[PDB]
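Participant: In the first instance, please consider these chains from the complex; the rest will follow:
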Amino acid sequence: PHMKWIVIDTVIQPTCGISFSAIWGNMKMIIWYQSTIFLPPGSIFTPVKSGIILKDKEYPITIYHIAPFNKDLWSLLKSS
């Protein structure tokens, strides 16, 4: 078995170099991570210590912030 988390949506800010992704695991979360990894909406992946297995490839994900999902904050991100 392996956890199957799904990216509900993602926003990338050019002002910064950050990717904000709302994802579902066992609950909704917002992750602020490095833009280098691109996670389009609908992507299913397995989390790992400082990494993500997507399509059987382990990408090193640099995480800035992990927080519970907020409808207001996510809508604010999507409006930029």
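Facilitator: Arrived safely, thanks for sending. Numbering: from 1, shown residues only, chains lettered A, B, ... in the order given.

Participant: Return the residues in contact with the residue nearest to residue A:4 when sequence neighbours are not counted.
Facilitator: In space, not counting the residues next to it along the chain, residue A:4 is nearest to residue A:44; the distance is 5.5 Å by CB to CB, 6 or more residues apart in numbering. Placement of C-beta: from N, CA and C, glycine included. By CB atoms under 8 Å, 6 or more residues apart in numbering, the residues touching residue A:44 are A:4-7, A:54.

Participant: again with residue A:73
Facilitator: residue A:30.

Participant: Just the element for it, please.
Facilitator: For residue A:73, the element it lies in under DSSP states H and E is helix A:71-78.

Participant: do the same with residue A:30
Facilitator: Assigned by DSSP H and E, residue A:30 belongs to strand A:28-34.

Participant: Please point out which parts of the helix or strand where residue A:47 lies sit buried.
Facilitator: Residue A:47 belongs to strand A:44-48 when assigned by DSSP H and E. Buried residues in strand A:44-48, defined by neighbour count with 16 or more other CB atoms under 10 Å: A:45-47.

Participant: Show me which positions of the very next helix or strand once past it end up buried.
Facilitator: Scanning forward in sequence from strand A:44-48 by DSSP H and E, the next helix or strand is strand A:51-54. Across strand A:51-54, burial judged by 16+ other CB under 10 Å covers A:51-52, A:54.

Participant: Tell me how far the residue nearest to residue A:4 lies from residue A:71.
Facilitator: Going from residue A:44 to residue A:71 by CB to CB, to the nearest Å gives 23 Å.

Participant: center of chain A - which residue?
Facilitator: In chain A, the C-alpha nearest the mean C-alpha coordinate belongs to residue A:21, at 3.5 Å (CA atoms, centre = their mean).

Participant: Okay, the nearest residue to that residue once chain neighbours are set aside and residue A:50: tell me how far apart.
Facilitator: Of all residues not flanking residue A:21 in the chain, residue A:10 sits nearest, at 4.3 Å (CB to CB, 6+ apart). According to CB to CB, residue A:10 and residue A:50 sit 19 Å apart.

Participant: between these two, which one's more packed in?
Facilitator: Higher neighbour count among residue A:10 and residue A:50: residue A:10, with 21 against 9, using other CB atoms under 10 Å.

Participant: isn't the more buried one right next to residue A:41, touching?
Facilitator: Yes: the pair residue A:10 / residue A:41 is scored as a contact, 6.2 Å apart, by CB atoms under 8 Å.

Participant: if we can go back for a sec, what separates the helix holding residue A:73 from the chain centre, distance-wise?
Facilitator: Here helix A:71-78 is found 14 Å from its chain centre; the criterion is CA atoms, centre = their mean, to the nearest Å.

Participant: Sequence for chain B below, add it please:
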Amino acid sequence: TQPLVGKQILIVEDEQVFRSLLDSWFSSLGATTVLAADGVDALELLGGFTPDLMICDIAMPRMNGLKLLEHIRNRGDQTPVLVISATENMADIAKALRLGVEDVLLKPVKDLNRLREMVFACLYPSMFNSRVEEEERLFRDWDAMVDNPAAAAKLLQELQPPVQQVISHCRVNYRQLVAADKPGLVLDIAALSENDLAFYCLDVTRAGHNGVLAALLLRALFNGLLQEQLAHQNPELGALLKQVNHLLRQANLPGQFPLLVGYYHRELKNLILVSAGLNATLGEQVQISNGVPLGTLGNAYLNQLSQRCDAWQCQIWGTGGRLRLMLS
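Facilitator: Okay, chain B now, added to the rest:
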């Protein structure tokens, strides 16, 4: 019991045993339940009456439960919809989550207590924002050992504006003397228009890594937010400070956030400034009020100032840094 008294609840499930289980669980809690066995029947029931909460299964429906969600959102009813699926159709769960759904449950019914948790959280979100509070605490502890504060600090240092720049045909210079490359006092300058310029100053040494995050979030949205407050006008920086407090609250960014916010209009030769936490001075000299940092006091509710000059020199200092800003 009597928790769900007067709670109209719609259950759109296709397997009869699961229908009965859900109805018995909801009626045990006192809910007024309406059950459908078909997607079209679901659409009709919806056109008929408005349930306080809805449950739909996209598993073997006559009409895709995700398509029923699509219809509901197209109508804009935006009624709650808790979906039922399994470890399969991960993409369907994604599509549901993109729709205005609330949570998800695996087809087996084993964890009824988590079902009670989700149903109550949906039906009385204000009452059961205890869940949100607990999750805030959990994620505050969680973030500590999964995130890389060093990388965020380095990114914030890299994103700082150039020392000398012309914005809105205003000359702008800034010089910091506290130890650089260890992100302390942080600045952002943006152009709101061909004549309007704005900027914010935050001492990220007080909130720690969260402060860095806050700074980044500010650089993402500050411009936007200020523009929104300028949308409903022919100023009012304080509302922007409170909205920033609420932003840091929405994100899991606790702590003290000493901030300064300024806005200069070139053709009106006017500078407006407000401070919550940071010391500063600026000329014709005026010392900006210290203020109470954000994330505290609930709402700082502080003052502004208009000097009506063409060029200004404002020094901004806090316990984490000292900086000078200049407009000619």
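
Participant: please look at the contacts of residue A:44 again, because chain B has been put in.
Facilitator: Residue A:44 is in contact with A:4-7, A:54, B:90-91, B:94, counting by CB atoms under 8 Å, 6 or more residues apart in numbering or on different chains.

Participant: How about the residues of the stretch 1-150 of chain B by chain A?
Facilitator: B:87, B:90-91, B:93-95, B:97-98, B:103-104, B:132, B:135-136, B:139, B:142-143, B:146-148 (CB under 8 Å from any CB of the partner chain).

Participant: Select only the buried ones of these in PyMOL?
Facilitator: Entered in PyMOL, the line below selects the buried ones among the residues of the stretch 1-150 of chain B next to chain A, by 16 or more other CB atoms under 10 Å in any protein chain shown:
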select buried, chain B and resi 90+93+94+95+97+98+103+104+135+136+139+142+143+147+148
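
Participant: Filter the residues of the stretch 1-150 of chain B next to chain A down to just the ones in helices.
Facilitator: With helices defined by DSSP state H, the entries of those inside them are B:90-91, B:93-95, B:97-98, B:132, B:135-136, B:139, B:142-143.

Participant: Quick check: residue A:40 touching residue A:10?
Facilitator: Yes: using CB under 8 Å, residue A:40 is in contact with residue A:10, at 6.6 Å.

Participant: if we can go back for a sec, taking their axis directions, the strand holding residue A:47 and strand A:28-34 sit at what angle?
Facilitator: Strand A:44-48 runs at 70 degrees relative to strand A:28-34, counting by axes from the mean of the first three to the mean of the last three CA atoms, to 10 degrees.

Participant: Can you give the distance from strand A:44-48 to the centre of its chain?
Facilitator: Distance, centroid of strand A:44-48 to centroid of chain: 10 Å (CA atoms, centre = their mean).

Participant: Name the strands paired with that strand and say parallel or antiparallel.
Facilitator: Strand pairing for strand A:44-48, determined by DSSP bridges: strand A:5-13 (antiparallel), strand A:51-54 (antiparallel).

Participant: nearest to residue B:264, of these?
Facilitator: Taking CB to CB, strand A:5-13 is the member of the strands paired with strand A:44-48 nearest to residue B:264, at 24.6 Å.

Participant: Which residues of chain A lie near chain B?
Facilitator: A:4, A:6-9, A:13, A:15-18, A:24, A:27-30, A:32, A:34, A:41-42, A:44, A:50, A:62-68, A:70, A:72-73, A:76-77, A:79-80.

Participant: All the helices of the stretch 51-200 of chain B, residue numbers only.
Facilitator: B:65-75, B:90-98, B:112-123, B:130-143, B:149-158 (DSSP state H, counting those that start in this stretch).

Participant: which of these is buried the deepest?
Facilitator: Highest mean neighbour count of these: helix B:90-98, a mean of 20 (counted as mean count of other CB atoms under 10 Å in any protein chain shown).

Participant: got the contact list for that helix?
Facilitator: For helix B:90-98, using CB under 8 Å, 6+ apart, the contacting residues are A:4, A:6-9, A:24, A:28, A:41-42, A:44, B:58, B:65-66, B:69, B:81, B:83, B:85, B:104.
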